[PDB]
Amino acid sequence: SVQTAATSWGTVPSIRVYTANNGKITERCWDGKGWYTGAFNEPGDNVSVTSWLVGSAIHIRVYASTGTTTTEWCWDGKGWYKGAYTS
Amino acid sequence: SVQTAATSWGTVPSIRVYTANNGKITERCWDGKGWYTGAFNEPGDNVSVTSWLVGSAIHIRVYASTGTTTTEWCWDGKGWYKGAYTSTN
Amino acid sequence: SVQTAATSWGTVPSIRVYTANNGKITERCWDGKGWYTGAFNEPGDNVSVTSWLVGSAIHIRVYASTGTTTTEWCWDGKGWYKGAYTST
Ligand SMILES: OC[C@@]1(O)OC[C@@H](O)[C@@H](O)[C@@H]1O
Ligand SMILES: OC[C@@]1(O)OC[C@@H](O)[C@@H](O)[C@@H]1O
Ligand SMILES: OC[C@@]1(O)OC[C@@H](O)[C@@H](O)[C@@H]1O
Ligand SMILES: OC[C@@]1(O)OC[C@@H](O)[C@@H](O)[C@@H]1O
Ligand SMILES: OC[C@@]1(O)OC[C@@H](O)[C@@H](O)[C@@H]1O
Ligand SMILES: OC[C@@]1(O)OC[C@@H](O)[C@@H](O)[C@@H]1O
């Protein structure tokens, strides 16, 4: 089966759900008005996520794994980028 | 192995642990005074969860997957119900 | 593939990432100034985690599963220990 990870923030809330499906991770988003496909698109068979706020600014970290390789993907409001995480 | 997902809220805290075992997801609850089996029961092989507070009110969302179908289940204080979540899979 | 779980707290933030690989769960840590290996080391094939702050103090619960048995491991600042969690 597909494998998911979820995070949320605030009271509306905002929710992000990441799904690993046949080696591809995609993202679905809720901000109070319906679900849509987010910007996140990266390879992986496994996903986890965490997020935190600084004021009202969200910071998301997605950990994508294929075999024994885990890559951290980062969002701070302006595009996804690879983080410094190493195993 | 069985697959779990966990969430917590507050500082006591309250904890909810969802376990997918042989296609069924069940819930175990902690509110500071021992574990007990909760009201959540849905089919699935994979599970994730998130939760948030609005003042003192807890809201939980559980994402249950079987094959490529993921269903969202919602708790807003008065029973579990199916949410609007969908995914293009 | 390996399976991970992640938690974070505060605004720095602190992050903990747990990886289940070859039946062992290990932990990598971030507190704002580089990644390092954490104290957590327990058996498991599946992992989930949650954490909460009590003032400035972190409390972590890791749920490690092997077969149909899930064990809860607890951190309250002074070593990891098995918690009271049980399933069915
Ligand atoms: O507004 C939607 C969005 O920008 O929210 C933050 C991140 O989840 C992004 O991947 C996503 O596209
Ligand atoms: O800004 C990116 C970064 O520094 O954010 C905190 C952690 O997620 C790090 O691994 C990551 O490289
Ligand atoms: O008080 C216990 C309970 O109502 O808490 C909220 C949800 O976790 C429910 O499934 C659960 O039965
Ligand atoms: O009240 C239910 C609901 O609106 O809550 C926010 C999201 O979880 C939605 O998918 C869901 O339908
Ligand atoms: O400072 C690192 C550390 O003590 O943080 C709390 C827990 O994550 C521990 O396993 C970890 O070694
Ligand atoms: O201090 C340990 C403990 O009481 O913490 C709260 C829950 O995680 C319990 O299962 C656990 O035994």
# chains A, B, ... in the order shown; residues from 1 in each chain; ligands from 1
call {"tool": "residues_near_ligand", "arguments": {"ligand": "ligand 6", "cutoff": "12 Å", "atoms": "only C-alpha atoms and all ligand atoms", "output": "PyMOL selection string"}}
result
(chain B and resi 6-8+11-17+28-36) or (chain C and resi 49-52+59-63+70-87)
call {"tool": "closest_atom_pairs", "arguments": {"of": "chain C", "to": "ligand 2", "cutoff": "9 Å", "atoms": "only C-alpha atoms and all ligand atoms", "output": "tab-separated table"}}
result
residue	atom	partner	partner_atom_place_in_ligand_line	distance
C:12	CA	ligand 2	6 (C)	8.3
C:13	CA	ligand 2	6 (C)	7.3
C:14	CA	ligand 2	6 (C)	8.5
C:15	CA	ligand 2	8 (O)	7.4
C:30	CA	ligand 2	7 (C)	6.7
C:31	CA	ligand 2	6 (C)	8.4
C:32	CA	ligand 2	6 (C)	6.6
C:33	CA	ligand 2	4 (O)	8.2
C:34	CA	ligand 2	10 (O)	7.3
C:35	CA	ligand 2	10 (O)	7.1
call {"tool": "write_last_selection", "arguments": {"atoms": "C-alpha atoms", "output": "mmCIF file, in the first residue's frame"}}
result
data_model
loop_
_atom_site.group_PDB
_atom_site.id
_atom_site.type_symbol
_atom_site.label_atom_id
_atom_site.label_comp_id
_atom_site.auth_asym_id
_atom_site.auth_seq_id
_atom_site.Cartn_x
_atom_site.Cartn_y
_atom_site.Cartn_z
ATOM 1 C CA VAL C 12 15.352 26.937 16.607
ATOM 2 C CA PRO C 13 14.157 24.160 16.054
ATOM 3 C CA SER C 14 15.348 20.929 17.564
ATOM 4 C CA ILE C 15 14.596 17.953 15.250
ATOM 5 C CA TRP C 30 19.578 18.765 15.091
ATOM 6 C CA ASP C 31 19.586 21.625 17.589
ATOM 7 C CA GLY C 32 20.533 24.428 15.195
ATOM 8 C CA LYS C 33 24.232 23.793 14.663
ATOM 9 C CA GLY C 34 24.746 20.509 12.842
ATOM 10 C CA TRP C 35 23.458 16.938 12.804
#
call {"tool": "residues_near_ligand", "arguments": {"ligand": "ligand 3", "cutoff": "8 Å", "atoms": "only C-alpha atoms and all ligand atoms", "output": "PyMOL selection string"}}
result
chain B and resi 16+27-29+31+37-40+58+60+75+77-80
call {"tool": "residues_around", "arguments": {"residues": "residue 45 in chain B", "least_positions_apart": "5", "cutoff": "7 Å", "atoms": "only C-alpha atoms", "output": "VMD selection string"}}
result
(chain A and resid 1) or (chain B and resid 20 to 24 65 to 66)
call {"tool": "write_last_selection", "arguments": {"atoms": "N, CA, C and O atoms", "output": "PDB file, in the first residue's frame"}}
result
ATOM      1  N   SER A   1       0.829  -1.201   0.000  1.00  0.00           N
ATOM      2  CA  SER A   1       0.000   0.000   0.000  1.00  0.00           C
ATOM      3  C   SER A   1       0.851   1.234   0.000  1.00  0.00           C
ATOM      4  O   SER A   1       2.023   1.191   0.405  1.00  0.00           O
TER       5      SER A   1
ATOM      6  N   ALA B  20      -1.948  -0.223  12.369  1.00  0.00           N
ATOM      7  CA  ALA B  20      -2.509  -0.994  11.256  1.00  0.00           C
ATOM      8  C   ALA B  20      -1.972  -2.410  11.399  1.00  0.00           C
ATOM      9  O   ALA B  20      -0.755  -2.626  11.443  1.00  0.00           O
ATOM     10  N   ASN B  21      -2.896  -3.368  11.541  1.00  0.00           N
ATOM     11  CA  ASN B  21      -2.515  -4.761  11.735  1.00  0.00           C
ATOM     12  C   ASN B  21      -3.480  -5.592  10.914  1.00  0.00           C
ATOM     13  O   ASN B  21      -4.693  -5.583  11.166  1.00  0.00           O
ATOM     14  N   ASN B  22      -2.944  -6.352   9.944  1.00  0.00           N
ATOM     15  CA  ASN B  22      -3.768  -7.222   9.102  1.00  0.00           C
ATOM     16  C   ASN B  22      -4.998  -6.500   8.482  1.00  0.00           C
ATOM     17  O   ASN B  22      -6.134  -7.021   8.522  1.00  0.00           O
ATOM     18  N   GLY B  23      -4.771  -5.287   7.960  1.00  0.00           N
ATOM     19  CA  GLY B  23      -5.809  -4.519   7.290  1.00  0.00           C
ATOM     20  C   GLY B  23      -6.768  -3.760   8.185  1.00  0.00           C
ATOM     21  O   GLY B  23      -7.743  -3.200   7.672  1.00  0.00           O
ATOM     22  N   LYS B  24      -6.532  -3.749   9.511  1.00  0.00           N
ATOM     23  CA  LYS B  24      -7.417  -3.018  10.416  1.00  0.00           C
ATOM     24  C   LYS B  24      -6.620  -2.058  11.251  1.00  0.00           C
ATOM     25  O   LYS B  24      -5.552  -2.409  11.768  1.00  0.00           O
ATOM     26  N   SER B  65      -4.595   4.087   4.509  1.00  0.00           N
ATOM     27  CA  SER B  65      -4.363   3.654   3.125  1.00  0.00           C
ATOM     28  C   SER B  65      -4.470   2.165   2.913  1.00  0.00           C
ATOM     29  O   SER B  65      -3.928   1.377   3.720  1.00  0.00           O
ATOM     30  N   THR B  66      -5.132   1.779   1.825  1.00  0.00           N
ATOM     31  CA  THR B  66      -5.241   0.397   1.345  1.00  0.00           C
ATOM     32  C   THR B  66      -4.953   0.479  -0.145  1.00  0.00           C
ATOM     33  O   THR B  66      -5.674   1.184  -0.838  1.00  0.00           O
TER      34      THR B  66
END
call {"tool": "closest_atom_pairs", "arguments": {"of": "chain B", "to": "chain A", "cutoff": "9 Å", "atoms": "only C-alpha atoms", "output": "CSV"}}
result
residue,atom,partner,partner_atom,distance
B:5,CA,A:5,CA,8.9
B:44,CA,A:1,CA,8.8
B:45,CA,A:1,CA,6.6
B:46,CA,A:3,CA,5.9
B:47,CA,A:4,CA,6.8
B:48,CA,A:5,CA,5.3
B:49,CA,A:6,CA,6.0
B:50,CA,A:7,CA,5.6
B:51,CA,A:8,CA,7.0
B:52,CA,A:11,CA,6.9
B:53,CA,A:11,CA,6.8
B:54,CA,A:11,CA,5.5
B:55,CA,A:11,CA,8.7
B:61,CA,A:6,CA,8.8
B:62,CA,A:6,CA,8.7
B:63,CA,A:4,CA,7.4
B:64,CA,A:4,CA,8.5
B:65,CA,A:2,CA,6.4
B:66,CA,A:1,CA,5.4
B:67,CA,A:1,CA,4.1
B:68,CA,A:2,CA,5.5
B:69,CA,A:2,CA,7.8
B:70,CA,A:2,CA,8.1
B:84,CA,A:34,CA,7.7
B:85,CA,A:35,CA,6.5
B:86,CA,A:35,CA,7.2
B:87,CA,A:28,CA,6.8
B:88,CA,A:37,CA,8.5
B:89,CA,A:21,CA,7.6
call {"tool": "interface_residues", "arguments": {"of": "chain C", "to": "chain B", "cutoff": "6 Å", "atoms": "only C-alpha atoms", "output": "list in words"}}
result
residues 48, 49, 50, 54, 66, 67 and 68 of chain C
call {"tool": "residues_near_ligand", "arguments": {"ligand": "ligand 1", "cutoff": "6 Å", "atoms": "only C-alpha atoms and all ligand atoms", "output": "short mmCIF file (atom, residue, chain, number, x, y, z; two decimals) with C-alpha atoms, in the first residue's frame"}}
result
data_model
loop_
_atom_site.label_atom_id
_atom_site.label_comp_id
_atom_site.auth_asym_id
_atom_site.auth_seq_id
_atom_site.Cartn_x
_atom_site.Cartn_y
_atom_site.Cartn_z
CA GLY A 38 1.41 21.06 -3.52
CA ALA A 39 4.83 21.92 -4.92
CA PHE A 40 6.60 18.93 -3.33
#
